[PDB]
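Down below is the structure, laid out as structure tokens.
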Amino acid sequence: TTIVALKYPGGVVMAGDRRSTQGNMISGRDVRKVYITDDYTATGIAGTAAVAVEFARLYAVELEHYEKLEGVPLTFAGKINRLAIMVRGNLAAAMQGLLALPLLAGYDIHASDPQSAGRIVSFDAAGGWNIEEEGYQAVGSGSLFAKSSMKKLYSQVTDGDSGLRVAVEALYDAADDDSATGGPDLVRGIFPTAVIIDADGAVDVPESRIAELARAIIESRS
Amino acid sequence: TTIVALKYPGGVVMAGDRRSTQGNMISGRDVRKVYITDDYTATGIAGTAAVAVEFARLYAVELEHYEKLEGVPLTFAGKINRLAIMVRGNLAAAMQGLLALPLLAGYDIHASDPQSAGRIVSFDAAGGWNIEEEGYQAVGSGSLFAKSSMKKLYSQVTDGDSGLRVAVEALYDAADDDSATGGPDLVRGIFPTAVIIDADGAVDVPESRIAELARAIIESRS
Amino acid sequence: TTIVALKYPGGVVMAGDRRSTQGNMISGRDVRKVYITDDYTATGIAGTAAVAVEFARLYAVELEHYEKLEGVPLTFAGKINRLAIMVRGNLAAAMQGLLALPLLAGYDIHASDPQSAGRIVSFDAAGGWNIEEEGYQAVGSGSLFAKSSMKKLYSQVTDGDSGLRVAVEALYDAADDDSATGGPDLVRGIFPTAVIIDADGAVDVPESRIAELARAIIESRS
Amino acid sequence: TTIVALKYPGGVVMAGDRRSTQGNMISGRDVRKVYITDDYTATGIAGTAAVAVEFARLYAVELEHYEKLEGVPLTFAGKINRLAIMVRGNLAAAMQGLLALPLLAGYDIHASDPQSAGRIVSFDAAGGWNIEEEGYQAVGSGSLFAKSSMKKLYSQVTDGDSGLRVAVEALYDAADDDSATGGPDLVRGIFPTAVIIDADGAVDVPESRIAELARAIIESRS
Amino acid sequence: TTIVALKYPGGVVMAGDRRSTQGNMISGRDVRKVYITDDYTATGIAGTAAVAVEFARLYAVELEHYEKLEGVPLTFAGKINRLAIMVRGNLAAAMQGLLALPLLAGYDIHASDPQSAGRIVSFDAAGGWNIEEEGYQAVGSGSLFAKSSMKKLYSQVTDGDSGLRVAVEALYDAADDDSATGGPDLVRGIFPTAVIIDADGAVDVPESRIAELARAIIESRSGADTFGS
Amino acid sequence: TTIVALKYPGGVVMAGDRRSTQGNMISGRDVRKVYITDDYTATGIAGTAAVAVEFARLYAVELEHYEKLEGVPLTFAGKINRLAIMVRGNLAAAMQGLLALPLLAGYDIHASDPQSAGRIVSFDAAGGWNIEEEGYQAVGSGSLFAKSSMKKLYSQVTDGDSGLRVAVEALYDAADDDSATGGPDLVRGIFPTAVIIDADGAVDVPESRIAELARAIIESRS
Amino acid sequence: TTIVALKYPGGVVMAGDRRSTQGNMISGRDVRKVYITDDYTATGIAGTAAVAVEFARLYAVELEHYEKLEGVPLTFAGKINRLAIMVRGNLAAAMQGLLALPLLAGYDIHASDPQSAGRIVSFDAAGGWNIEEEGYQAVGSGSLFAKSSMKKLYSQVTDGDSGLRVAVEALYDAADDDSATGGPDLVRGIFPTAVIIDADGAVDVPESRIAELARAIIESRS
Amino acid sequence: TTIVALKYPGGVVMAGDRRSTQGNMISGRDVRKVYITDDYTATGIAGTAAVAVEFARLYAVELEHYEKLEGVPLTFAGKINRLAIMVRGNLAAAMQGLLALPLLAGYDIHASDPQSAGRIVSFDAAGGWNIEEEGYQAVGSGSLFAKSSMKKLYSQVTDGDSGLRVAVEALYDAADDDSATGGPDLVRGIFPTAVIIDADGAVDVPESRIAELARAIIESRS
Amino acid sequence: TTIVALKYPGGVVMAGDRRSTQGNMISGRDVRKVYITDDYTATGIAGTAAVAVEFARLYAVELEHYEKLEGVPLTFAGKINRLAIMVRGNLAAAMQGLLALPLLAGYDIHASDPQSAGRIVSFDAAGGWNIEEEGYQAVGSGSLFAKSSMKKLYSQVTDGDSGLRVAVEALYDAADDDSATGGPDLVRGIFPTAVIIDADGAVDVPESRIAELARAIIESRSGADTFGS
């Protein structure tokens, strides 16, 4: 697994691969790892699938629960804290093999400078969180490869489009070095999924868009 | 890793993938796992790379050593016994993470019937060998997948070209289900390697032919 | 044990073997592993028999309990979630040898397109679920063999009849390679059981039809 | 595995199944477990295949080695002692998973009365041997079932043919209750192997004869 | 220990041996292991004596408790479930050396066909149950021996008496190969116990019929031994 | 197992049961546990069969080896010492489950008073020996029962036949309380074996004699 | 990590590095480790990031909570006690890899001599606290290096500005010897953070001041 | 530690950092990790310093030893084999904390083509070797980062100087993410070391050249 | 323990403390830890006393053994190698509690430039050695404190006497923070020991210069503490 997230002026893009493994065996080829949590937030989770899914589902419910109860959405800092609490709560189980790490991406509506409102927050197994200031982050077994790739490609992220394109190339680099991360499947037409978030909210990126980017990258390296 | 071997009329074909791993990380993309041991024999080894290579190298030297010394090649049964002894000798190390398993394919020049002269021998970690009677065999982390594939495809084998085609498709299936086995790499132009053996001896299959087969298989599943 | 499930246009078929084991000893010859959970759902469970049976029984009661209480059936997603919660709740006991994994098959009445309403959901020991998108799935000690078999036979699935046939042949291949899975018993007349589900509901397949398929598969391989 | 041996007037018959397993997986379908050790002796070995084969091979060499060296065959008691020493020597290896238990059957040329020259000797893991006085014995994971079957069938043994038939039925019963023992495979035409020994020496029983016996047993149970 | 149960037309018979052991030592010679649970049910339990006895006693009370409370007996399936729950509940203790496995036999007064109303249910240590369709089952350290014996003798079961005989012969065969199972004791006059159940209910088999049957098996065995080698 | 030895005027008698066990399973019904070691000595060994047999065999060879070499038999004390040395030498293996305990009975032709030239020596696992002065001794899993029985039946020993009778009754009581000891088998005609030694040497007791005693004991208890 | 605190006439200064590590990998470059807890107190925490952050956050809330509730701030001693209690409460978790140790710095408004109202308190893993009397203290994996540096530089501290310079040089010396402490990053413009507290309250030190000081220190060592 | 090696037309370049660590403590700032082994070979070793140095020293002696003895240098393949054997020999020690991994770079004068003569060989802890075909390779705690860096920069290598530049930038990237790898030290004037090898032999690169490239890389990143 | 070594123009100085401990107990007050190994080399060893002493003794014998045998001293590199081999051989014993780490200081008569011909070599438990290039090094339980002290004081080393003073001050700083390192004992008159090596060879430093320096440091620290707060 590899989930990447990058900031671009005015927003964030988060993208994840589709593979699932049981040791060396491929057990999934179409898993969706990036979820739209609320109108301005997306969560990508790596690790133990059962736990990852439960987290994303519970987290979204908790966020909307607060909104309906209090009539307004939680501040971005509150969102981080709630997620952090959930992670911290799973520490015992994580020690026993139920480890799951989330990656948070969002657009802060209350931030003073709108082109700078994008947010990327990473989490460690103990719930320690960190608001990324360098533009990108990644989580999962291929995250180092992805991050090292983005480090060299980030200068290219000038907008949400080139950001989506870079994200996809980072995932591609991750799969090129981590067997547990799935690359673009041209035979079956399965590609990484992605979410983009700007001032107008979080939106799922059309698969056809990602497939086009993927094919171009492949042609390039060819 | 996946190495497969199968019998076709008047011969045997053995083919293997090119991947190398260190946990989830891809550490090799062009490893050659199938060796021509002598004029009528080929060996394919799976497991710990260091040991696998040493085995093939030592084994070929031991076979040639006998011939030069005694003026005549070892009988096929003798070749099997020597390989089995080598595997048994490595058992303690195998238990400690140094496991290597070979797969043997050859053409017995002294066989009564030539269309039937192809031989396939599999080995377990204790050196137990078995001369395969059902036409095909495989070894490695993707061997179960490859075998399940050849079981449904074997009836198509009627000659060298089709035997070769079925071998490549089996490897393809293995890679599809086992992240530790490498599928054809179209971007880099790296394909499985293969050896064909018949009455005229063991010959390395040209990459061009294998690549044509791989593209056809791919186009077929598309 | 091996339980298979596959999608056909307009529905699903789920079939299971009848063997029970205690180590190497055969302890059961006619265990029923596929249950009709409600009018549009079937469950097949592998692993520890005591737990498998309890699961199926409790699950069906829970589904009907909701229906009577709320006047309407649970959505398919709700059904999946309930089953996943049950599995996750057995994780401690499972770590201790009370492991039970279910396979869920159903026809979604509320889905927009009926030809595609068939559903197949697999579960891992932590309760992680996955809605299969590739058409088939399997669970149990013979599942790899069955899945590899279905992979090459799936393209022949065009209706419930060819579906049910591919299912029985997959179970046959599983028994051929996994001693813990029971093949068709011609001497005693015991065959795999199966359930078919379409817009008209879940129905037990008649033994005589499975017996005919089994015998044909056998004569064919002969 | 199940290997049986029984006495009929003027001879002995020993028969074994053909299965090989790796856990629950069937790894072999045509393994030959009964060997003609010398002109009047046959050995059947159960347990770890690699060790079992080595034992039979070494044992036969040792017997012939004595004969050529001393000009006369070893007495039957000497043969027993040599085999027992071999087993005792493997005890430490056996404790680490390399266990092999043999079953010995023969006709003793130095016996006083010929219809009473038949011999059956069983061995335990420490090399302890026992000359069977009740007519039959079995070794392997299915030996209890086979022995319990022979117990009820032995009274029908009146000559070599009926002895061979009871042996095959015992193996059949073993396969019926032990998944690690292979029953007759009608689809592939693979049957138990057998050796008969009488005053004229040890001879391999023809496959066609065993297949007929097998079929009749099957017809009868059906 | 060995407890067997088999189906015969119109009924079921369950019989058990009388031995009790503490390691190699014989600690009991007259233990009764087959209990009449209710008018149409019988239970035979193997394993740790103290647990086995508690099970049978508690189970019988629970079945009768339901009947009095609800005015009607539990259905046969309910009986099975209740026993399975009891076994599952002992799983932790069983791991600590307090294992007990029961074997259930009964006649279902509500089944459709009275000639086939007999029931035999086996249980594993986790409480997994299974209704037998081959006519017989056995539990205990000698069960494998008893079943392989019954496999060859089941075609002789054509009624209650021949079923009782086959059962006794299966227990005999178990004692012949399992030192933990007690064979018929001719010197002390102690024999396996047995319960028979048909449409008229569960009944204890009289020692005298079992004693005759056992001597007959022994005599047959002697004769046959002398005839052969 | 139970082996007994008792002194009667003019000699000693040693008798053993015929059972063999593998846990709770009866693995032997006619094992001979009492051996005539030399003309005036008999050995009975309990414990691990393989080791027990090796001991008796090796011990007799040792005793005879000395005699041929030195022209004269070893003194009784020398015989004892050589057996004790053998037992001590097996201490490490015994600690590992290969324990064998012998019981020695003999007639000392060099003793002063021939009415008591009878000798009975017991041994512990460390090779510690004791010349029994109270008239009887026993070894094996039923030894306590046999000794308590002999304590009450010893005053009845007035000669060889009454000694032989007491020995058999002791073995009978041992089988009555120890499932690992075999009682007289009337159905198969198998009875305990015995050796009697007096001034004229060690002699195997005829089976018919023992069968008569056994039947008389049984009749008396009935 | 390295956090230093030192007294200067009329106040205190606390400064910390910005590095975060996961084994040998640098996982953070801009972490802020020094927090203004209330108007006259600052906290610096080392160890496990997740726990360190939680501590600072909870601690500040607890101090303000008291103030609002009781209308007056907690005495400095009370503040110490509350922080110690919090550390002590984490002792079991700390033993398992969740260790965090705080360093407390403050200006005591209720102190007698204002020129000596500065306070520095260190804490051990059991919650043992110590009011530093020698002028400076440090915590974290680089605290030894920093303390030995300050020991030689402390006499240069005559006011807030020289105090700040000494603090920054101590952190520089810690990073020079401890790979887990981050030195000034001139390429990215990231520098240690600091808080100065005097009679007018706690104030964050401007990054530009620290960068000036850091450049002077580096020029000095060049 | 990080050591990198790359191919440029007509040559190879190998460069390594200068850091040494003891846990978190920096224990060395000028360690030289790249050695000229013979006129056409360079070795770089990572891991336990004591063992790394011993390897390089021993290896260079063994290669010169062969040359003097046989009058001709070892073939490049022979050099590889000798180094692999040395690594294999250290496996027991490696498992106990004395693990050292080598990276080999050379120019092969017997290669068919001079421009393509450059060689790069990597090794695993069991002595498994691999002749790199993709142009670059790295070893050490920062090798992943360096490899991901080179992957993006390799297309810029057009000659010996651009190759040395990419090498230094790769080391820089490694130091940026791995605290155990040392970046250029401008205050002390310590830079990575490097060796270039072409048809004229292996030569140490002058510090001044490296220092310019390093400052340039740093100026660029600012 | 703390043993320090530093380069000064034209030479090297090595000095060590005198303490010995058994847990928290002070078991020695006058141990001598710095040995003149040959005319141009000194060794200081920290760790397990028994092993430390054996090393120094054996090492010196090995160096003189070579000289007598070959008629010429071992090159400085050879001396390093021999010491590293000795340390690696003790690796298994060290893992068990017999760890001893040496610090080597010498003057290389064959170095090119005499002003910098001084040498300082440190060793890790596996025998890994490093020729120090920054002027100073230290070994023992107080080595970190001593090294951080010398870092700030090294710029004051302009000759043999100031080198020695920085060395005594470093040991004094080590003793200040490490209870296992002994400070100057004024009551008993026990002070660190030291060896100086230059082109004329290795020589022991007289106790009196070291006692003067130690008192001076103490007077300094006392003044400084009174001036501060």
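Here is the naming used below: chain letters follow the sequence lines, and residue numbers restart at 1 for every chain.
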Determine whether F:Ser122 and F:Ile120 make a side-chain contact, defined as any pair of heavy atoms from C-beta on separated by less than 4.5 Å.
no
Gap separating the OG1 atom of E:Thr181 from the CG atom of E:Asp17, nearest 0.5 angstrom
4.5 Å
Determine, for F:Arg209 against F:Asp204, whether the closest basic-nitrogen to carboxylate-oxygen distance falls under 4.0 angstrom.
no
Rounded to the nearest 0.5 Å, what's the gap from OG1 on F:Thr193 to CD1 on F:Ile3? Could you check?
8.0 Å
Any donor-acceptor pair under 3.5 Å linking the side chain of F:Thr2 with the backbone of F:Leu171?
no
Salt bridge flag under 4.0 Å for residues F:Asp38 and F:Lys79
yes
Donor-acceptor contact present, side-chain F:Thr41 to main-chain F:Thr37, <3.5 Å:
no
Under 4.5 Å between any side-chain heavy atoms of D:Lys151 and E:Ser148, yes or no?
no
Using only heavy-atom distances, determine whether the side chains of F:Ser141 and F:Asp178 contain a donor-acceptor pair under 3.5 Å.
yes
For atom CD of F:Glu212, decide whether the heavy atoms of other residues, nucleotides or ligands shown that lie under 6.0 angstrom number more than 12.
no
Could you go step by step and tell me if F:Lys33 and F:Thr1 meet the side chain to side chain donor-acceptor pair (under 3.5 Å) rule?
CA-CA 9 Å; F:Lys33 309 171 185 175; F:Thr1 283; 2.9 Å; yes
Using 4.0 Å as the upper bound for N to carboxylate O, is an ion pair formed by F:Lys7 and F:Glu133?
no
SB check F:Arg221 F:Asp173 (cutoff 4.0 Å):
yes
Less than 4.5 Å apart, side chain to side chain, heavy atoms only: is that true for D:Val87 and D:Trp129?
no
Report yes if some heavy atom in the side chain of D:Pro114 is under 4.5 Å from a heavy atom in the side chain of D:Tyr107; otherwise report no.
yes
Inspect the contact between F:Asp185 and E:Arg221 and indicate whether a charged nitrogen and a carboxylate oxygen are less than 4.0 angstrom apart.
no
When rounded to the nearest 0.5 Å, the distance separating CG of F:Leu99 from CG of F:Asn90 is 7.5 Å
Can a donor-acceptor pair be found, under 3.5 Å and without considering hydrogens, that links the side chain of D:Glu70 to the backbone of D:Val72?
no
Any idea which heavy atoms bring F:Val4 and F:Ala146 closest together, and the distance?
CG1-CB, 3.8 Å
Give the intermediate values and the outcome of side chain to side chain contact (heavy atoms under 4.5 Å, CB included) for residues F:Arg19 and F:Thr21.
CA-CA 7 Å; F:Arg19 177 162 294 182; F:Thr21 54; 4.1 Å; yes
Take atom CD in F:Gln22; do more than 12 heavy atoms of anything else shown fall under 6.0 Å from it?
no
For the pair E:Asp225 (side chain) and E:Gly228 (backbone), establish whether a donor and an acceptor sit closer than 3.5 Å, ignoring hydrogens and angles.
no
Between F:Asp159 and F:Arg165, does any NZ, NE, NH1 or NH2 come within less than 4.0 Å of an OD or OE carboxylate oxygen?
no
Taking the side chain as C-beta and beyond, is there a heavy-atom pair between F:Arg29 and E:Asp176 under 4.5 Å?
yes
Determine yes or no for a side-chain-to-main-chain donor-acceptor pair under 3.5 angstrom, with E:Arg18 supplying the side chain and E:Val31 the backbone.
yes
Any D:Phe76 side-chain heavy atom under 4.5 Å of D:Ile109 side chain:
no
Does F:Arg88 use its side chain to pair, donor to acceptor, with the backbone of F:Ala126 at less than 3.5 Å?
yes
Is there a side-chain contact between D:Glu134 and D:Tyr154 in this structure, where contact means two heavy atoms from C-beta onward sitting under 4.5 Å apart?
no
Do other residues, nucleotides or ligands put more than 12 heavy atoms under 6.0 Å from the CZ atom of F:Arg32?
no
How many angstroms lie between atom CD1 of F:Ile36 and atom CD1 of F:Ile197, to the nearest 0.5 angstrom?
7.5 Å
Side chain of F:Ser179, backbone of E:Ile26: donor and acceptor closer than 3.5 Å?
no
Is it true that a side-chain atom of E:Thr226 and a backbone atom of E:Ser222 form a donor plus acceptor pair closer than 3.5 Å?
yes
